[PDB]
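J.: Here it is, the structure, as structure tokens.
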Amino acid sequence: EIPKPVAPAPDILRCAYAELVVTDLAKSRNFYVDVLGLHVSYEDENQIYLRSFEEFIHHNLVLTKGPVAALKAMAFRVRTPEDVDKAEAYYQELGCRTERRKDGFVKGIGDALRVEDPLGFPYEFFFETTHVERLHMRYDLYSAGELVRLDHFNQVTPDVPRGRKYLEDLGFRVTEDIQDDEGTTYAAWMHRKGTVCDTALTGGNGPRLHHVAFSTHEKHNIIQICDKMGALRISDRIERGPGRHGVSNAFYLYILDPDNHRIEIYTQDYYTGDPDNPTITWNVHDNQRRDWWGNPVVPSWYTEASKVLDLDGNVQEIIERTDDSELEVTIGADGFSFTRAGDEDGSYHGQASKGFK
Amino acid sequence: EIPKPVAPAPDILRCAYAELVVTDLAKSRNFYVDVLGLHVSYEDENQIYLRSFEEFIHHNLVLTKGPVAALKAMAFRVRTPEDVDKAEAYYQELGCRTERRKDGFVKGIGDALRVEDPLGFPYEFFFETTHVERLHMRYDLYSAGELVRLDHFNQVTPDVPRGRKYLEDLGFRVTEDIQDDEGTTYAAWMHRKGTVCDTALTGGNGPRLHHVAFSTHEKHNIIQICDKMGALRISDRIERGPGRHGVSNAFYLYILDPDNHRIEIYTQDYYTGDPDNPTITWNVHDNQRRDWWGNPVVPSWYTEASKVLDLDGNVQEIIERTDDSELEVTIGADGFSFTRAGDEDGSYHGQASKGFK
Amino acid sequence: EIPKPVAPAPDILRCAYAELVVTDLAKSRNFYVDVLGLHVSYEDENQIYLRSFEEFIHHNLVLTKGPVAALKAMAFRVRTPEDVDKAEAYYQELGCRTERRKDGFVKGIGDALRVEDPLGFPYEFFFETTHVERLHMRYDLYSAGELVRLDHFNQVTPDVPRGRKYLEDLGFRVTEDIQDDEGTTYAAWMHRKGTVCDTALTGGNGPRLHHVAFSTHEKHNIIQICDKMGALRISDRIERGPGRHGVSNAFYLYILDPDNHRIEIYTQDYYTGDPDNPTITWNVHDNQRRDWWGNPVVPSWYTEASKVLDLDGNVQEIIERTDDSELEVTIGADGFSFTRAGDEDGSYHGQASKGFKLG
Amino acid sequence: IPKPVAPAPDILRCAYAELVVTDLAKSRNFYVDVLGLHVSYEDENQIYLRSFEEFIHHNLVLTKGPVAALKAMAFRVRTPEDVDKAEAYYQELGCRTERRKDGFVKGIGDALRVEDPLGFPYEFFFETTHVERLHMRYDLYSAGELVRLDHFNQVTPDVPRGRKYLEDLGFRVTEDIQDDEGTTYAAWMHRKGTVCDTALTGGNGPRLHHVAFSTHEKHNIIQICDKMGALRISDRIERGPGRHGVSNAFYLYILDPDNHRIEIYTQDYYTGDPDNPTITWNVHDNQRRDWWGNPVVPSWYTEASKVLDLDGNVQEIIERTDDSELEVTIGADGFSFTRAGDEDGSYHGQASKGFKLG
Ligand SMILES: O=C(O)Cc1ccc(O)c(O)c1
Ligand SMILES: O=C(O)Cc1ccc(O)c(O)c1
Ligand SMILES: [Ca+2]
Ligand SMILES: [Cl-]
Ligand SMILES: [Cl-]
Ligand SMILES: [Fe+2]
Ligand SMILES: [Fe+2]
Ligand SMILES: [Fe+2]
Ligand SMILES: [Fe+2]
């Protein structure tokens, strides 16, 4: 297990941006700008910097051209400039590789620390960022599918309890999780900013980035994204949804960018800011835990996720999960799920719900 | 081929109500009233008469207790009392069995003609009906899932072209249809009231009733029905959806009542009332034709449908479709669908879209 | 009273388009295209042809440059080419001036009849029109405020019963109206296509055009139009709303184009297509009849409306209403309105609701 | 008001209000039958109500009494120890305090009430009885469902004096309304990372302007209006619905049976970063309150609820001497603009959209 440092944890505000390596910058621009409507904060021949409708920091997404599509950094904003120093001491005590750039790794971020964290993920911590025009009332720019905030990340990692404890020490609080009666944990959601999560852990082979999630105002905004993808005849890039989540209670959609990076669109989870916020544990065999309406979870959702890079820009080696697989125990040949616990009517054995194998 | 009568067709206004035979009147009441929120016009120990939020005629749905769950009548309102005379002469010329009752078959309907039509379906034609309180501004009653109108019926019949010609002679105009490149028709939608349909034909073994559809005002009302069914832990009665249709462009959901009668919830199709309204023909292998977002159509949607009765109340014998099956050609072991015509990428061979078999 | 002709009425399908004369074509284009998002079917230096998201006929709105802003024609589509002949015979029997153009008055319309109707309004009847790409599934184009259909017209005329009878003979059925207990009709709504209206009559000096109405899919689309107008710092062009109507039960908004032509945005009225559809009569003093939430009706809504042209292109002379004024009897100095019939509590005497008086 | 040496309590959020109501049954009809709030406890004396997503015992306590008024506006603090900190903080300010180890109302434990420097009855507590969180109970969900308590708004005569005091208590200003000659008319300030938890409106005070509840979506607010029309109580819709300038939220103001003002609110923005950009509006900007330029009804500026001291007696009102927002915008000498510097779309001596004061 990952020891708790004696050094104080940095005070993390929220998830702030991701840097994604993409192979074809123009095709990625098409997707994030022309399809999804994100707002350009800066661009050149090598990178595109993008933000959501309500953001005032420089960006929520950096697309960087490179040879291998991968997550390069998932960045958290910290409360004060001194929290970057705290982050550096903390990860140094953990024995992690760190790199400090006083003028930042990407445009519009100042003093920043990147680390290869104990789960193999490239985290950035920063305070300083260039403020830009907050577009929250620019209804002359507002899209029918407008993405309004960056909401969270979701990470694939083999040992969820191990990661959970490490994130708890860093000040994240678990809001919801998925377990079975045998005591296996399959997934956990944890927050700093007072929503259901800022990052989440999904059990599986890792380190891999499962998705980045953006918010909309209303459910019809998410519908419109689907409708637009149909009109553009790219409905094959709709992976899963739209649906209502069990965990989080949010309305959701998962789509795939040109490099198969998964993006979640999300709205209307609940407030978690009180320190005794009640934690919700779902049973892995509950067929309403993921999609509340009982729609089946496509296998690619469980098996596919993005590579992540180390600080040299090389792909991180993957460690295979040895705990039980959520896919296998729910929709695989020996799996099952229920609608009502203890009722064989509305239960599914060795296949998924709604009549699919 | 069904001949065109010399006798003038009745002027049909719209689909008006269905009479469904149900086996447990209390369990059906719980579904239609407590779950779905339909409004009771009249009830006793044998029947429940239900209407939608904006209706002023007596009812849109009659639940009749009986031994075998089935459609007993699908009723269309005609423009004048004299149109019921026209209907009787028309169907008599077609050689169809008819029955006229000057004081109605069900409460709140006056002079009414029931027929066993050329496709084996029990049609009713009526003008006279008891007006009731139109609840369209009763927002003190309005449900988060409120059903606002009856929109259409959908019939399973083995020979779609044969049925289409008959309905056209009767004054219905085809709005959309599904065909392939080998001369087969799989489905057609046709209207009187200036929406995408009043009734529709689905290719399959029949006569059977595929579904009855009710409208909501907005898409979030359909999402609420799903959310409520999750909370009631009856998500296993959500068959398909929610989604955006290709055909009709409506937002939709299909659910199953306690006798497996299929109900569609529907909103926001388009105006068809101009006589040169452009017809839209989809290819049966186009994976956006049914669900615009490419979500797979569950096999039960193709295979399951309700019995229909003759005028003596006996189940109509089912005649097998010999034309190609939409299920088989799209999602069966030798099926095919595409996202983009001519593009191998995003096509599906011998399985359904989005990872499922 | 206007006689019922012996000649059969044309079979009218629906309101189809309006031709509005505008003074500055580029400013008008900015409003209808850049602000409101209507789709351009054709344009040149003299005219802009616009359609809604779900339309397949050539256009729903023609903007024509000219010296005096006005309604030039309100056009109804008829069921068959033969109905254009029927319309011509019908209006000739009424003694009205008519003009027939075999190849249309505006682009994308074929054989068309324009008439100076008995209320002084320029009506067009046509069947033939150039079909265009129906954009109803073009969600790549869909705006957060998208206008999806043309819904109706609303006309200001001094004598509502006179107009009502004439339109009923033409086959429109009244769906709702506003009357008082002393025999006065203040407004009526009437349809062909099975919505609350295709045209409507509002009591006042006329002929003038009160508004043209377009639909949206959902209420949030109307909210977005307001939000966008705020962002563009043209909220002064929001005249009234948004609200819920009593009459029609639709969610609504009224805005003003650059020549002060009034546009209604509208959604979620109810089905009226049955021939015995119940007619709803509201009392003029009911403060929920126009805005269901009781918000006050701005005086300009009652006083301001667009000029209309005759067939020569000259403005029609205005005839003064002599019947009682809706403005005066509800929000004027001797006006009255109620929230609950017979309850003094929530009534308004000599002023508007919600703490306001006439400016 | 000086900054104490004693540390401020760590305040999480607004948590509940206790309103005194004169007829408990009529108030129940409004809050439960009209608005759909959920009952956590009730008897002949009190009704305890919560929103759809709440897990603490209540967001609103309706207490029967002779004079309708705010009795307490309560904030939840982060730890039990923060209640001790609140007590020492307000004692150093010289304010009257009362501590009850077992609470003032049911479902709250150790609690401190104070008559604060602006005359308002604040409560601070940590301990509360958890209840069933109804957030997925879509079998109960109303077309107008109130999902959270969002904020309070207080009327006080000197906004800068109040603002400085709340800043010392850890609230951060998000937005405000000023004029060019240095008068402040209103300020909004937060702890939980929304546009506010409490807010100050310039006017005679102390009075409680409103309590605000959230919905999920804008159509839920529309439904509340529609329902009030159907119930033929549209006269209790005071103002709206609208889009706010300040906050950018969709809104509605309605009046309960004792004229307590309730706001329904949705879709403001995230303010939790410590350098969150502040926004200051000019008082003459006709889009600052209603973004669409709809007129602000005069009662919104003039009417607000009494507040009580710790003995249950009404607090004396102190008159505002700074300029009045009503007078400078919609009064006979008032003005507002749509575009700064433009006479077109400006209003002089009356409100927008063709109305003057009734
Ligand atoms: O539907 C699921 O898989 C559960 C779930 C809940 C919240 C999320 O953000 C997420 O990505 C996944
Ligand atoms: O419209 C207004 O008056 C400005 C405003 C903004 C946010 C609030 O919560 C509020 O109560 C008032
Ligand atoms: Ca009278
Ligand atoms: Cl379908
Ligand atoms: Cl009106
Ligand atoms: Fe997620
Ligand atoms: Fe259907
Ligand atoms: Fe209108
Ligand atoms: Fe407020």
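Ordering of the structure tokens sets the chain letters (A, B, ...); residue numbers start at 1 within each chain; ligands are numbered from 1 in the order shown.
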Which residues are close to residue 343 of chain A, i.e. within 12 Å by only C-alpha atoms, leaving aside same-chain residues fewer than 4 positions away? Reply as a ChimeraX atom specification.
T.: /A:286,337-339,347-348 /B:233-234,236
J.: If the limit is 12 Å from any atom of ligand 6, counting only C-alpha atoms and all ligand atoms, which residues qualify? Return them as JSON, numbers by chain.
T.: {"A": [150, 151, 152, 153, 154, 155, 156, 187, 188, 189, 190, 195, 196, 197, 198, 199, 200, 201, 202, 209, 210, 211, 212, 213, 214, 215, 240, 244, 245, 246, 247, 248, 249, 250, 251, 252, 253, 254, 255, 262, 263, 264, 265, 266, 267, 269, 290, 301]}
J.: Would you give me, as a PyMOL selection string, the residues of chain D that come within 8 Å of chain A, using only C-alpha atoms?
T.: chain D and resi 12+53+55+78+135-136+192+216-217+248+267+269-270+272-274+276-277
J.: Could you turn the residues from that selection into a file that holds N, CA and C atoms, as a PDB file, in the first residue's frame?
T.:
ATOM      1  N   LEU D  12     -19.941  25.812   5.870  1.00  0.00           N
ATOM      2  CA  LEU D  12     -20.098  24.989   4.652  1.00  0.00           C
ATOM      3  C   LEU D  12     -21.048  25.637   3.650  1.00  0.00           C
ATOM      4  N   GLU D  53     -33.172  16.539  -2.832  1.00  0.00           N
ATOM      5  CA  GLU D  53     -31.819  15.956  -2.787  1.00  0.00           C
ATOM      6  C   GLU D  53     -31.166  16.057  -1.414  1.00  0.00           C
ATOM      7  N   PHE D  55     -30.108  15.425   2.520  1.00  0.00           N
ATOM      8  CA  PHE D  55     -29.927  14.350   3.499  1.00  0.00           C
ATOM      9  C   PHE D  55     -29.947  14.829   4.947  1.00  0.00           C
ATOM     10  N   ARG D  78     -18.337  23.111   9.465  1.00  0.00           N
ATOM     11  CA  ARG D  78     -17.634  21.917   8.998  1.00  0.00           C
ATOM     12  C   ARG D  78     -17.471  20.860  10.090  1.00  0.00           C
ATOM     13  N   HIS D 135     -33.134  11.774  -3.649  1.00  0.00           N
ATOM     14  CA  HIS D 135     -32.659  12.255  -4.958  1.00  0.00           C
ATOM     15  C   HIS D 135     -32.955  11.351  -6.154  1.00  0.00           C
ATOM     16  N   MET D 136     -33.186  10.057  -5.905  1.00  0.00           N
ATOM     17  CA  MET D 136     -33.590   9.129  -6.981  1.00  0.00           C
ATOM     18  C   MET D 136     -35.019   8.632  -6.850  1.00  0.00           C
ATOM     19  N   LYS D 192     -20.193  27.907  -0.524  1.00  0.00           N
ATOM     20  CA  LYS D 192     -20.237  26.580  -1.147  1.00  0.00           C
ATOM     21  C   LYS D 192     -19.877  26.478  -2.619  1.00  0.00           C
ATOM     22  N   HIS D 216     -33.922  21.440 -11.033  1.00  0.00           N
ATOM     23  CA  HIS D 216     -32.990  20.881 -12.005  1.00  0.00           C
ATOM     24  C   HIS D 216     -32.933  21.705 -13.282  1.00  0.00           C
ATOM     25  N   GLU D 217     -34.094  22.029 -13.826  1.00  0.00           N
ATOM     26  CA  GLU D 217     -34.170  22.603 -15.155  1.00  0.00           C
ATOM     27  C   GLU D 217     -35.143  23.775 -15.191  1.00  0.00           C
ATOM     28  N   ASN D 248     -26.715  34.903 -13.570  1.00  0.00           N
ATOM     29  CA  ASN D 248     -27.087  34.164 -14.767  1.00  0.00           C
ATOM     30  C   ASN D 248     -28.089  33.045 -14.556  1.00  0.00           C
ATOM     31  N   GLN D 267     -29.319  27.031 -12.351  1.00  0.00           N
ATOM     32  CA  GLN D 267     -28.265  27.164 -13.354  1.00  0.00           C
ATOM     33  C   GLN D 267     -27.465  28.453 -13.287  1.00  0.00           C
ATOM     34  N   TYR D 269     -23.446  29.575 -11.864  1.00  0.00           N
ATOM     35  CA  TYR D 269     -22.147  29.079 -12.316  1.00  0.00           C
ATOM     36  C   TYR D 269     -21.225  28.816 -11.092  1.00  0.00           C
ATOM     37  N   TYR D 270     -20.110  28.156 -11.364  1.00  0.00           N
ATOM     38  CA  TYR D 270     -19.138  27.750 -10.322  1.00  0.00           C
ATOM     39  C   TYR D 270     -18.247  28.925  -9.882  1.00  0.00           C
ATOM     40  N   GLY D 272     -16.083  28.503  -6.944  1.00  0.00           N
ATOM     41  CA  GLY D 272     -15.232  27.954  -5.875  1.00  0.00           C
ATOM     42  C   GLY D 272     -13.747  28.280  -5.968  1.00  0.00           C
ATOM     43  N   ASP D 273     -13.262  28.758  -7.123  1.00  0.00           N
ATOM     44  CA  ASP D 273     -11.846  29.131  -7.185  1.00  0.00           C
ATOM     45  C   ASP D 273     -11.634  30.428  -6.392  1.00  0.00           C
ATOM     46  N   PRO D 274     -10.500  30.550  -5.703  1.00  0.00           N
ATOM     47  CA  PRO D 274     -10.353  31.709  -4.814  1.00  0.00           C
ATOM     48  C   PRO D 274     -10.175  33.058  -5.529  1.00  0.00           C
ATOM     49  N   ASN D 276     -11.899  33.644  -8.344  1.00  0.00           N
ATOM     50  CA  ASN D 276     -13.106  33.761  -9.125  1.00  0.00           C
ATOM     51  C   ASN D 276     -13.335  35.215  -9.492  1.00  0.00           C
ATOM     52  N   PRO D 277     -13.486  35.515 -10.791  1.00  0.00           N
ATOM     53  CA  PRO D 277     -13.644  36.916 -11.183  1.00  0.00           C
ATOM     54  C   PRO D 277     -14.961  37.526 -10.676  1.00  0.00           C
TER      55      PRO D 277
END
J.: How many Å lie between atom CA of residue 206 of chain D and atom CA of residue 114 of chain D, rounded to one decimal?
T.: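 Between atom CA of residue 206 of chain D and atom CA of residue 114 of chain D the gap is 13.9 Å.
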J.: Considering only C-alpha atoms, extract the chain B residues located within 9 Å of chain A and return them as a count of residues only.
T.: 40
J.: For chain A, work out the contacting residues on chain C at 10 Å, counting only C-alpha atoms, and write them as a compact mmCIF listing (two decimals) with N, CA, C and O atoms, in the first residue's frame.
T.:
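The resulting file, selection-v8.txt, is shown below:
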# COMPACT_ATOMS: atom_id res chain seq x y z
N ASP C 34 -29.33 36.32 -38.69
CA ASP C 34 -28.26 36.24 -37.67
C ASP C 34 -28.80 36.07 -36.25
O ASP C 34 -28.26 35.25 -35.48
N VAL C 35 -29.84 36.81 -35.91
CA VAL C 35 -30.47 36.71 -34.61
C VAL C 35 -31.37 35.49 -34.53
O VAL C 35 -31.16 34.64 -33.66
N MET C 137 -34.10 17.14 -40.03
CA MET C 137 -33.12 16.32 -39.33
C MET C 137 -31.70 16.85 -39.47
O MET C 137 -30.74 16.13 -39.15
N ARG C 138 -31.57 18.11 -39.88
CA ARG C 138 -30.25 18.70 -40.05
C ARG C 138 -29.76 19.27 -38.73
O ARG C 138 -29.61 20.50 -38.56
N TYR C 139 -29.51 18.36 -37.79
CA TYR C 139 -29.12 18.78 -36.45
C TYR C 139 -27.73 19.40 -36.39
O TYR C 139 -27.37 20.02 -35.40
N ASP C 140 -26.96 19.23 -37.46
CA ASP C 140 -25.72 19.99 -37.66
C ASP C 140 -25.94 21.49 -37.85
O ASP C 140 -24.99 22.26 -37.70
N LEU C 141 -27.16 21.87 -38.25
CA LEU C 141 -27.56 23.28 -38.42
C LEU C 141 -28.39 23.82 -37.26
O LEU C 141 -28.50 25.03 -37.12
N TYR C 142 -28.95 22.92 -36.46
CA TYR C 142 -29.97 23.28 -35.48
C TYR C 142 -29.42 24.26 -34.45
O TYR C 142 -28.40 24.01 -33.81
N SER C 143 -30.15 25.36 -34.29
CA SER C 143 -29.84 26.43 -33.36
C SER C 143 -30.47 26.14 -31.99
O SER C 143 -31.52 25.49 -31.90
N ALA C 144 -29.86 26.67 -30.94
CA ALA C 144 -30.48 26.61 -29.61
C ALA C 144 -31.84 27.33 -29.53
O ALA C 144 -32.64 27.04 -28.64
N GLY C 145 -32.10 28.25 -30.45
CA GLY C 145 -33.38 28.93 -30.57
C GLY C 145 -34.18 28.59 -31.83
O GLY C 145 -34.98 29.38 -32.27
N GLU C 146 -33.98 27.40 -32.39
CA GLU C 146 -34.44 27.13 -33.76
C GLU C 146 -35.95 27.31 -33.94
O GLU C 146 -36.76 26.77 -33.20
N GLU C 218 -39.50 23.28 -28.19
CA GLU C 218 -39.60 23.26 -26.74
C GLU C 218 -39.53 24.66 -26.15
O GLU C 218 -39.12 25.65 -26.80
N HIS C 220 -37.53 25.77 -23.81
CA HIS C 220 -36.17 26.26 -23.64
C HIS C 220 -35.65 26.97 -24.90
O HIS C 220 -34.77 27.82 -24.82
N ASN C 221 -36.20 26.62 -26.07
CA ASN C 221 -35.80 27.29 -27.31
C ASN C 221 -36.22 28.75 -27.30
O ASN C 221 -35.50 29.61 -27.78
N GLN C 224 -33.99 30.64 -24.89
CA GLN C 224 -32.72 30.94 -25.56
C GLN C 224 -32.81 32.17 -26.45
O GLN C 224 -31.86 32.94 -26.50
N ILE C 225 -33.94 32.39 -27.14
CA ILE C 225 -34.05 33.60 -27.97
C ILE C 225 -33.91 34.86 -27.10
O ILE C 225 -33.20 35.81 -27.45
N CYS C 226 -34.59 34.85 -25.96
CA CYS C 226 -34.49 35.94 -25.01
C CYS C 226 -33.05 36.11 -24.50
O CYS C 226 -32.53 37.22 -24.45
N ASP C 227 -32.45 35.00 -24.12
CA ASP C 227 -31.06 35.01 -23.62
C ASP C 227 -30.10 35.58 -24.66
O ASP C 227 -29.24 36.40 -24.34
N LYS C 228 -30.27 35.15 -25.91
CA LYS C 228 -29.45 35.64 -27.02
C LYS C 228 -29.66 37.14 -27.26
O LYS C 228 -28.70 37.89 -27.53
N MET C 229 -30.91 37.59 -27.19
CA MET C 229 -31.19 39.02 -27.34
C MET C 229 -30.55 39.86 -26.22
O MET C 229 -30.03 40.94 -26.46
N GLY C 230 -30.52 39.31 -25.01
CA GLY C 230 -29.78 39.96 -23.95
C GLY C 230 -28.29 40.02 -24.26
O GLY C 230 -27.66 41.05 -24.07
N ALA C 231 -27.72 38.92 -24.73
CA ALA C 231 -26.29 38.89 -25.04
C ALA C 231 -25.92 39.86 -26.16
O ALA C 231 -24.82 40.43 -26.17
N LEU C 232 -26.84 40.04 -27.10
CA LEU C 232 -26.64 40.96 -28.21
C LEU C 232 -27.01 42.39 -27.82
O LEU C 232 -26.87 43.32 -28.64
J.: Quick one: residues within 10 Å of ligand 2, with only C-alpha atoms and all ligand atoms, as a PyMOL selection string?
T.: chain D and resi 150-154+175-177+186-188+195-201+209-213+239-253+262-266+268+287-291+293-297+300-301
J.: So how many Å separate atom CA of residue 307 of chain C and atom CA of residue 51 of chain C, to one decimal?
T.: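 So the two atoms, atom CA of residue 307 of chain C and atom CA of residue 51 of chain C, lie 22.9 Å apart.
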J.: Got a sec to pull out which chain C residues are within 8 Å of chain D, counting only C-alpha atoms, and send them as a compact mmCIF listing (two decimals) with N, CA and C atoms, in the first residue's frame?
T.:
# COMPACT_ATOMS: atom_id res chain seq x y z
N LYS C 219 -39.91 24.75 -24.88
CA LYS C 219 -39.95 26.04 -24.21
C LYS C 219 -38.53 26.63 -24.04
N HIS C 220 -37.53 25.77 -23.81
CA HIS C 220 -36.17 26.26 -23.64
C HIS C 220 -35.65 26.97 -24.90
N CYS C 226 -34.59 34.85 -25.96
CA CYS C 226 -34.49 35.94 -25.01
C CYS C 226 -33.05 36.11 -24.50
N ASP C 227 -32.45 35.00 -24.12
CA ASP C 227 -31.06 35.01 -23.62
C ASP C 227 -30.10 35.58 -24.66
N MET C 229 -30.91 37.59 -27.19
CA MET C 229 -31.19 39.02 -27.34
C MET C 229 -30.55 39.86 -26.22
N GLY C 230 -30.52 39.31 -25.01
CA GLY C 230 -29.78 39.96 -23.95
C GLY C 230 -28.29 40.02 -24.26
N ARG C 233 -27.45 42.59 -26.59
CA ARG C 233 -27.81 43.90 -26.04
C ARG C 233 -28.91 44.55 -26.90
N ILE C 234 -29.89 43.72 -27.28
CA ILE C 234 -31.10 44.16 -27.98
C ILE C 234 -32.35 43.69 -27.23
N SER C 235 -32.25 43.60 -25.90
CA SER C 235 -33.40 43.27 -25.08
C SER C 235 -34.55 44.26 -25.18
N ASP C 236 -34.25 45.50 -25.59
CA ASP C 236 -35.30 46.48 -25.90
C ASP C 236 -36.20 46.08 -27.06
N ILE C 238 -37.36 42.98 -27.23
CA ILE C 238 -38.31 42.06 -26.62
C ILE C 238 -39.47 42.90 -26.13
N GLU C 239 -40.63 42.73 -26.76
CA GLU C 239 -41.79 43.55 -26.42
C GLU C 239 -42.54 43.02 -25.20
N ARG C 240 -42.80 41.72 -25.20
CA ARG C 240 -43.68 41.11 -24.21
C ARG C 240 -43.36 39.63 -24.09
N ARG C 244 -46.85 32.07 -20.56
CA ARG C 244 -47.80 31.04 -20.94
C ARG C 244 -49.07 31.78 -21.31
N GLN C 288 -55.88 36.12 -16.33
CA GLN C 288 -55.13 34.97 -16.82
C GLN C 288 -55.40 34.61 -18.28
N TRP C 292 -51.27 33.65 -18.62
CA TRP C 292 -51.84 32.73 -17.62
C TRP C 292 -51.28 32.98 -16.23
N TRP C 293 -50.07 33.52 -16.16
CA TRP C 293 -49.41 33.81 -14.90
C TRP C 293 -49.79 35.20 -14.36
N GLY C 294 -50.65 35.90 -15.10
CA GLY C 294 -51.12 37.20 -14.70
C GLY C 294 -50.20 38.37 -14.96
N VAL C 298 -48.32 44.64 -22.05
CA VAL C 298 -47.73 45.93 -22.33
C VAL C 298 -48.63 46.72 -23.30
N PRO C 299 -48.82 48.03 -23.05
CA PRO C 299 -49.77 48.79 -23.85
C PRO C 299 -49.48 48.77 -25.37
N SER C 300 -48.20 48.72 -25.76
CA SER C 300 -47.86 48.67 -27.18
C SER C 300 -48.44 47.46 -27.89
N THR C 339 -58.30 38.07 -10.77
CA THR C 339 -57.60 36.79 -10.73
C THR C 339 -58.61 35.66 -10.56
N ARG C 340 -59.53 35.82 -9.61
CA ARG C 340 -60.60 34.86 -9.34
C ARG C 340 -61.91 35.60 -9.52
N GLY C 346 -56.88 40.18 -5.27
CA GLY C 346 -56.25 39.86 -6.55
C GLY C 346 -56.94 40.49 -7.75
N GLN C 351 -55.63 50.01 -13.19
CA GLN C 351 -54.22 49.80 -13.44
C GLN C 351 -53.95 48.38 -13.87
N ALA C 352 -52.70 48.11 -14.19
CA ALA C 352 -52.30 46.79 -14.60
C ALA C 352 -51.97 45.92 -13.39
N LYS C 354 -49.51 43.33 -11.08
CA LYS C 354 -48.11 43.24 -10.63
C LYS C 354 -47.48 44.59 -10.29
N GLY C 355 -48.30 45.59 -10.00
CA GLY C 355 -47.82 46.84 -9.42
C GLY C 355 -47.49 47.94 -10.42
N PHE C 356 -47.96 47.78 -11.65
CA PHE C 356 -47.69 48.71 -12.73
C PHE C 356 -48.94 49.48 -13.18
N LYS C 357 -48.68 50.67 -13.72
CA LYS C 357 -49.67 51.49 -14.42
C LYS C 357 -49.18 51.78 -15.83
N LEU C 358 -50.10 52.12 -16.72
CA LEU C 358 -49.78 52.66 -18.05
C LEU C 358 -48.76 53.81 -17.95
N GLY C 359 -47.69 53.79 -18.76
CA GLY C 359 -46.82 54.98 -18.90
C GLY C 359 -47.52 56.25 -19.38
J.: Enumerate residues in contact with ligand 5: an atom-to-atom distance of at most 7 Å, counting only C-alpha atoms and all ligand atoms. Format the result as a list in words.
T.: residues 245, 247, 290 and 291 of chain C
J.: Distance atom CA of residue 182 of chain A-atom CA of residue 331 of chain A, one decimal place?
T.: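 Distance reported for this atom pair: 18.0 Å.
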J.: With DSSP run on the backbone, what are the strand (DSSP E or B) residues within segment 17-200 of chain A? I'd like them as a PyMOL selection string.
T.: chain A and resi 17-22+39-43+47-51+61-65+70-78+98-101+109+112-116+122-126+129+149-157+173-179+185-191+199-200
J.: Using only C-alpha atoms and all ligand atoms, which protein or nucleic acid residues are at most 12 Å from ligand 8, as a PyMOL selection string?
T.: chain C and resi 150-156+176+187-190+195-202+209-215+240+244-255+262-267+269+290+301
J.: Skip segment 22-25 of chain B itself and residues of its chain fewer than 4 positions away, then list as a ChimeraX atom specification all residues within 8 Å of it, counting only C-alpha atoms.
T.: /B:29,45-48,63-70,259
J.: Quick one: everything within 6 Å of residue 157 of chain A, counting only C-alpha atoms, minus sequence neighbours fewer than 3 positions away in the same chain. Send it as number ranges by chain.
T.: A: 203-207
J.: Let's see if you can do this: from backbone DSSP, list all alpha helix (DSSP H) residues in segment 77-287 of chain A, as a PyMOL selection string.
T.: chain A and resi 82-93+160-169+219-231
